[PDB]
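Structure record follows, encoded as structure tokens.
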Amino acid sequence: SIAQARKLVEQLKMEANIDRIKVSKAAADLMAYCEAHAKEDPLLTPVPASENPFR
Amino acid sequence: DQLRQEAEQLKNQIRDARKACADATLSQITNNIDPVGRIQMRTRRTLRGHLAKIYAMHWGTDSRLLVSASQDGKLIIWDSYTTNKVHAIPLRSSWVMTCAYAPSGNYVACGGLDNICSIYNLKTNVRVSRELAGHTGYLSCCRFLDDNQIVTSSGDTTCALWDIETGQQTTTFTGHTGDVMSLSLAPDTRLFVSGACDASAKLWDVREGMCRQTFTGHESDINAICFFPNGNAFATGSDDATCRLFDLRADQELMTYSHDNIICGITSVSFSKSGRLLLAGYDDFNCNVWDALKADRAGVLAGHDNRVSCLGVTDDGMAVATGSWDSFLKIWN
Amino acid sequence: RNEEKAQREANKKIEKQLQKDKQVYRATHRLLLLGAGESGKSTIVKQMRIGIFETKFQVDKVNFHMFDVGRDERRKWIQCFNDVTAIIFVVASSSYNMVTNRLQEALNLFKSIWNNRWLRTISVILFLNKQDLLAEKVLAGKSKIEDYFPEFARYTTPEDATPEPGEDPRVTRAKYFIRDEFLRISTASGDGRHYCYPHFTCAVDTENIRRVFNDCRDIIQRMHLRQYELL
Amino acid sequence: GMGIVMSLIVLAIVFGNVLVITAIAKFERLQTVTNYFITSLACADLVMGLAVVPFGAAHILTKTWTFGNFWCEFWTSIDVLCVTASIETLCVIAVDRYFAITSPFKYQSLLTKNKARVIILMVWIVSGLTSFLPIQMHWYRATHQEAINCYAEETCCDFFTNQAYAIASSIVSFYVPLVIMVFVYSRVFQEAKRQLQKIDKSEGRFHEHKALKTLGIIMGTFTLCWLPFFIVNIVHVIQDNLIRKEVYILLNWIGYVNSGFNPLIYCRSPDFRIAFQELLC
Ligand SMILES: Nc1nc2c(ncn2[C@@H]2O[C@H](COP(=O)(O)OP(=O)(O)OP(=O)(O)O)[C@@H](O)[C@H]2O)c(=O)[nH]1
Ligand SMILES: CN[C@@H]1CCc2c(ccc(O)c2O)[C@H]1O
């Protein structure tokens, strides 16, 4: 109906104004986080069988 | 009809805005990182006892206990280390499509085709404690925000936040066009995202009670969604055999995961502890292990005789568990 | 140390309970009741009894379990019903002159159900209600079916047609024409994996349960015959 | 000259049976109540092809038994045991098909994993009762001069039996598991024909040889393999000096080949095909 079209207009109006950053900074942040937590996950690096609780 | 012109004008305006902010693609920056390499995994435990196909499972907060639901109408709480059962809760309705495990470890909830979410008390044996109603469509997922309030998403294009003590809706989230299929909460529990059936994932703010953003990268139904450990990104899996990594601050997608030899849908998506590996289930009777920053396959988790419908990773990042329609659960490592 | 023994005892008790429940689970047959609105889906269910509305009945020491769903143009939940014994389809045969005439929508729904990916090997039991309403309008009636269906002119009564006593040669044509409009869509894409069983149903009828029982028995027998490569 | 064909037959018997056993054991999707009987048949055929065929080939080529009396009696007893156990399993499979087809609503309750093991063990017990007991202890021995002459010799290993045992073993091993199979397959064919006729009556306008062909292979291979031997066996006892030794051993060896065709007959399902493609490919 007419209103459902109208509502889209106000919300879309809200999404339009928002503070956005360059994708390079976000990519660098994700890379930095992945490199910072790199050595603290047994899934990526197979730990020795001594500490494995499933073995 | 003035609005159709108006709305169209705004959608055109945002697309130019997101475009300007593309200093460089993520694949361009991530080019010289040493590859993860081949990832070899072997099953450690096999849990059996379910009478019918499995649709959902959820790991406990202690990385020790987990719950699962099947079409036989029965919830079972296993013991991952000692591969033996602990509980077995019957159900009033035989069709269940979701389950959850409370962060405090005292309650377990489940919903299904019948439009009611039920909460059970485990530390009293186990008897139904509260029944929540108000949804006009079948439930798809539910997650325990805390020990007193739960957020659910149903098939009537709505999501809501409940209050267990009083049993009445507190806030209602609307704006989707098609059915809602999955959701995931932020690590600090202030925001959550949902994947609809209209190829559009939205962001909500329980406190704001209002939508903030929307992402429309896909072209088919969205089946699952997972949230990056950082809190600034999330990943999605749809019926077009693709996975896409969106972003919050950049407000646009960064990379897509797909292969030319697979044409089946996607059922579940999950991350690892560090967010370097993106594990995603498929309808090809097996699972795949992706690479978050380079989009290169690094392993296959095969061994299931039917489609994979569930996937979860322990909070300790030790083991990954999968569920299939073959009525069997597995624990990989 | 004794905690492990207590946990093992609990495991054993749960396993015994599950083993007890498995036989009862395997014994029953699950049926799905699906149809359009004003079809009569609720009634047929009432005769069998004497968000999801379940029901159970037992015939000849065999127990059945019926489920009625529900309202969406796309039904995603239908992927959960790929293990049922059969799908019961209920359609109002007298509504060709109502409201996109209600029949063509029913035909489109049936075609959508037949070609679904998750229901490749599920048979369909088809019920044609309101036979009584159709005849009163079809014969001694104001309007013809042709106006709403041009193909009625180039259609002859099937020779195999077997009219029951006291019925005119026009109403038989209408009934068999309506039945063939569904039989056409059933035969072309099956591949022999699944079949359809047409039936004629009215309000004053008491043999529906026996018909369902016989159809389920035939479905099981045909599946077993095809499995062993004798059909 | 014969060595090549005997080795080929032995390898063919062993390979198919071991492949079927491994395929059934490794994969959990094939563990079905019906598949236990096929497993038992595979074990019986493997034991036969590994025990009786090679030593029989050695005996026929050498024309002189190089073992003692005990080994010859043991070999004869294991031959009888394997042959007897390889047919009642086929009869049980036919009866299982009959029950599954003609009684669709009671198949699940009547046949359970607990009853299948009992039936299989009963079949093996009745097979072993008529093979080891009457042979290992001397009841198969004959009284005529050639029989005792061969019994005295330590290097003579041939076959000589009385009328009673020769009739009882044949009746237990062949005819009883034959009339049952004939009746069962007649009933199954009738049911299949009725189903096809009903289908044609219901919807023939828009749209019986498969069942006939399948029953053709299933019955014909077994009947042609095992029929002439189990009549010449009675013939050469009911009257003397009509059946030559060479034709007898030839018919017996023709009967042995039937244990190599069962994997090609009862394991043609597409699930078995994908299982066989999964490994050793
Ligand atoms: N005249 C007539 N009325 C019928 C017949 N079958 C059902 N009804 C009437 O239909 C009324 C309501 O519709 P139903 O046919 O029961 O169907 P329903 O389940 O309510 O409708 P939907 O679920 O929306 O398909 C009942 O009060 C019945 O008396 C029939 O064959 N003839
Ligand atoms: C040495 N070959 C044996 C000799 C007699 C015999 C066989 C098979 C079944 C029987 O009941 C028998 O009495 C043959 O396989």
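Going by Swiss-Prot, the residues shown for chain B are 5-128, 132-340, listed in order.
The backbone N, Cα and C atoms fix where each Cβ goes, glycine too.
Annotation source Swiss-Prot lists repeat 'WD 1' at B:46-94, citing experimental evidence.
Taken from Swiss-Prot, the feature repeat 'WD 3' applies to B:141-181.
Sequence annotations record features per position, and here Swiss-Prot assigns repeat 'WD 4' to B:182-223. Residues 144, 147-148, 150, 152-153, 158, 160-166, 168, 229-234, 236, 238, 241, 243, 245, 253, 255, 258-260 of the same chain sit 6 or more residues outside the repeat 'WD 4' (B:182-223) yet have a Cβ under 8 Å from a Cβ within it.
With a threshold of 8 Å between CB atoms, the same-chain residues lying at least 6 positions outside the repeat 'WD 5' (B:224-267) that come near it are 22, 25-26, 29-31, 185, 188-195, 200-204, 206-208, 210, 273-278, 280-282, 285, 287-289, 297, 299, 302, 304. Annotation source Swiss-Prot lists repeat 'WD 5' at B:224-267, citing experimental evidence.
Annotation comment: Swiss-Prot describes B:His266 as phosphohistidine. Neighbours of B:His266 (phosphohistidine), defined as other CB atoms within 10 A of its CB across all chains, total 12.
Feature annotation from Swiss-Prot assigns repeat 'WD 6' to B:268-309; the stated evidence is experimental evidence.
Sequence-remote contacts of a segment are chain residues at least 6 beyond its ends whose Cβ falls under 8 Å from one of its Cβ atoms, and for the repeat 'WD 7' (B:310-340) they are 45-52, 54-63, 65-67, 70, 72, 74, 82, 84, 274-281, 286-290, 292-294. Marked as repeat 'WD 7' by Swiss-Prot on the basis of experimental evidence: B:310-340.
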Beyond the flanks of the repeat 'WD 6' (B:268-309) by at least 6 residues, Cβ under 8 Å: 30-31, 34, 37, 39-45, 230-237, 242-250, 252, 262, 315-320, 323-324, 327, 329, 339
For the repeat 'WD 4' (B:182-223), the number of residues DSSP places in helix, strand and coil: 0 helix, 20 strand, 22 coil
Secondary structure content of the repeat 'WD 7' (B:310-340), with strand meaning DSSP E or B: 0 helix, 15 strand, 16 coil
Modelling gap (3 residues), B:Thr128/B:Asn132 Cα distance, angstrom: 6
